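See structure below.
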Amino acid sequence: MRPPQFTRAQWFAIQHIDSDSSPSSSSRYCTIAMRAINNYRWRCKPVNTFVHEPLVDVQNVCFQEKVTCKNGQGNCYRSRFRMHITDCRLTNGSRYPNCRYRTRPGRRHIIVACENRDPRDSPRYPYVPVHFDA
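For the sequence shown, the residue numbers in the deposited numbering are 0 to 133.
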(Lines of atoms letter the chains of each structure in order from A; the text may use other names.)
(Lines give C-alpha, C1' and ligand atoms only; values in the text may rest on other atoms or scores of the structure.)
Protein backbone atom coordinates (compact mmCIF):
# COMPACT_ATOMS: atom_id res chain seq x y z
CA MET A 0 0.00 0.00 0.00
CA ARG A 1 1.09 3.60 -0.41
CA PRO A 2 2.46 4.84 2.92
CA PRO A 3 -0.28 7.09 4.32
CA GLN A 4 2.26 9.80 5.16
CA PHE A 5 2.73 10.44 1.41
CA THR A 6 0.13 11.70 -1.03
CA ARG A 7 -0.44 9.87 -4.31
CA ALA A 8 1.55 12.50 -6.19
CA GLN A 9 4.35 12.47 -3.59
CA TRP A 10 4.64 8.68 -3.67
CA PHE A 11 4.73 8.75 -7.48
CA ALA A 12 7.61 11.23 -7.39
CA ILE A 13 9.51 9.34 -4.68
CA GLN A 14 9.27 6.07 -6.53
CA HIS A 15 9.46 7.23 -10.11
CA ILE A 16 11.14 10.63 -10.66
CA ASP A 17 14.88 11.17 -10.34
CA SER A 18 15.85 14.60 -11.68
CA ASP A 19 19.33 14.61 -10.10
CA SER A 20 20.75 11.62 -11.90
CA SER A 21 24.46 11.69 -12.53
CA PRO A 22 25.05 8.18 -11.07
CA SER A 23 22.22 6.65 -13.14
CA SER A 24 24.76 5.48 -15.73
CA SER A 25 26.24 3.29 -12.96
CA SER A 26 25.37 -0.40 -12.84
CA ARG A 27 24.68 0.08 -9.11
CA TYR A 28 22.17 2.91 -9.65
CA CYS A 29 19.04 0.86 -8.97
CA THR A 30 20.41 -0.86 -5.86
CA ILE A 31 21.23 2.55 -4.40
CA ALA A 32 18.06 4.33 -5.54
CA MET A 33 15.60 1.64 -4.44
CA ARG A 34 16.63 1.78 -0.76
CA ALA A 35 14.47 4.81 0.02
CA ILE A 36 11.46 3.07 -1.52
CA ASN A 37 12.00 -0.33 0.11
CA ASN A 38 12.37 1.34 3.52
CA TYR A 39 8.58 1.87 3.34
CA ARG A 40 7.87 -1.75 2.28
CA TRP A 41 8.12 -5.18 3.89
CA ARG A 42 9.51 -6.95 0.79
CA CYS A 43 11.91 -5.77 -1.90
CA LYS A 44 9.90 -4.12 -4.66
CA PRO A 45 10.30 -6.52 -7.62
CA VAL A 46 10.25 -3.99 -10.49
CA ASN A 47 10.43 -0.21 -10.63
CA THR A 48 10.98 2.45 -13.31
CA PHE A 49 12.50 5.87 -12.75
CA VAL A 50 12.16 8.78 -15.17
CA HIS A 51 15.36 10.85 -15.37
CA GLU A 52 14.05 14.24 -16.39
CA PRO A 53 13.43 17.55 -14.64
CA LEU A 54 10.31 17.48 -12.47
CA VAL A 55 8.61 20.11 -14.62
CA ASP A 56 9.06 18.00 -17.74
CA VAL A 57 7.51 14.93 -16.11
CA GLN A 58 4.61 16.97 -14.76
CA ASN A 59 4.16 18.55 -18.19
CA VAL A 60 3.24 15.13 -19.62
CA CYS A 61 -0.14 15.68 -17.93
CA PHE A 62 -0.78 18.35 -20.60
CA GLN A 63 0.33 16.27 -23.62
CA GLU A 64 -1.47 13.50 -25.51
CA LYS A 65 -4.52 12.12 -23.72
CA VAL A 66 -4.78 8.33 -24.11
CA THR A 67 -7.10 5.82 -22.52
CA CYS A 68 -5.79 4.42 -19.24
CA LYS A 69 -5.32 0.67 -18.81
CA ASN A 70 -8.18 0.69 -16.28
CA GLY A 71 -10.35 2.69 -18.68
CA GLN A 72 -10.86 5.52 -16.17
CA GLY A 73 -9.21 8.72 -15.09
CA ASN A 74 -7.00 10.68 -17.44
CA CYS A 75 -3.78 9.28 -18.82
CA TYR A 76 -1.30 11.06 -21.05
CA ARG A 77 1.57 9.95 -23.27
CA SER A 78 4.71 12.02 -23.53
CA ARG A 79 5.22 13.67 -26.90
CA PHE A 80 8.93 12.90 -26.71
CA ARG A 81 10.82 9.87 -25.49
CA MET A 82 12.30 10.36 -22.03
CA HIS A 83 15.32 8.91 -20.23
CA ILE A 84 14.19 6.04 -18.01
CA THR A 85 15.85 3.39 -15.89
CA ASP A 86 14.17 0.04 -15.32
CA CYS A 87 15.13 -1.68 -12.07
CA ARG A 88 14.56 -5.41 -11.68
CA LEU A 89 15.14 -7.31 -8.45
CA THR A 90 17.65 -10.16 -8.59
CA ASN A 91 16.47 -13.64 -7.64
CA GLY A 92 18.71 -14.00 -4.60
CA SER A 93 17.42 -10.83 -3.00
CA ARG A 94 15.49 -11.08 0.27
CA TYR A 95 14.55 -8.02 2.32
CA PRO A 96 16.42 -6.06 3.64
CA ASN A 97 19.08 -7.04 1.08
CA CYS A 98 17.52 -5.87 -2.18
CA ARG A 99 19.81 -5.99 -5.23
CA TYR A 100 18.73 -4.78 -8.63
CA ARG A 101 19.76 -4.99 -12.24
CA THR A 102 19.87 -1.52 -13.81
CA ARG A 103 18.60 -1.18 -17.39
CA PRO A 104 18.67 2.33 -18.86
CA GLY A 105 16.46 3.20 -21.78
CA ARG A 106 14.39 5.82 -23.55
CA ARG A 107 10.64 5.49 -24.00
CA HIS A 108 7.48 7.50 -24.20
CA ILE A 109 5.94 7.47 -20.75
CA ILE A 110 2.23 7.21 -20.00
CA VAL A 111 1.09 8.69 -16.69
CA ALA A 112 -2.26 9.01 -14.98
CA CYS A 113 -2.79 12.56 -13.73
CA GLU A 114 -5.26 14.19 -11.39
CA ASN A 115 -5.87 17.28 -9.31
CA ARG A 116 -3.39 17.78 -6.49
CA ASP A 117 -4.15 16.68 -2.96
CA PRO A 118 -4.59 19.44 -0.37
CA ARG A 119 -1.19 18.42 1.04
CA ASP A 120 0.55 18.79 -2.34
CA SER A 121 2.13 22.09 -3.31
CA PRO A 122 -0.34 24.54 -4.89
CA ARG A 123 2.34 25.40 -7.47
CA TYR A 124 1.42 22.22 -9.41
CA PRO A 125 -2.39 21.95 -9.70
CA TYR A 126 -2.50 18.82 -11.88
CA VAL A 127 0.06 16.11 -11.30
CA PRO A 128 1.06 12.55 -12.19
CA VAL A 129 0.07 9.82 -9.75
CA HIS A 130 0.76 6.50 -11.54
CA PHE A 131 2.50 5.05 -14.53
CA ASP A 132 0.04 3.47 -16.89
CA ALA A 133 2.64 1.54 -18.91
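Positions of the beta carbon are idealized from the N, C-alpha and C atoms, including for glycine.
Cut-off 7 Å between Cβ atoms - residues of its own chain near residue i, not counting five sequence neighbours on either side
| i | result |
| --- | --- |
| residue 184 | No information on residue 184 is available, as it lies outside the stretch 0 to 133 that the chain covers here. |
DSSP three-state assignment for residue i, whether helix, strand or coil
| i | result |
| --- | --- |
| residue 67 | coil |
| residue 133 | coil |
| residue 38 | coil |
| residue 49 | strand |
| residue 58 | helix |
Strand pairing of residue i, partner residues [DSSP]
| i | result |
| --- | --- |
| residue 13 | Beta-bridge pairing links residue 13 to no other residue. |
| residue 112 | 75, 130 |
| residue 107 | 82 |
Close beta carbons around residue i, own chain, < 8 Å, minus the five adjacent residues each side
| i | result |
| --- | --- |
| residue 122 | 116 |
Cβ shell of residue i (< 6 Å), same chain only, five flanking positions each side left out
| i | result |
| --- | --- |
| residue 1 | 10 |
query: So, do the segment 39 to 48 and the segment 79 to 88 have three or more beta carbon pairs nearer to each other than 8 Å?
result: yes
Practice problem: Counting only runs of 3+ residues fully inside the segment 74 to 103, write out the beta strand (DSSP E) ranges in chain order. | Solution: 74 to 77, 82 to 89
| said: If contact is defined by three or more beta carbon pairs under 8 Å, each pair taking one atom from either stretch, is the segment 70 to 79 in contact with the segment 33 to 43? | reply: no
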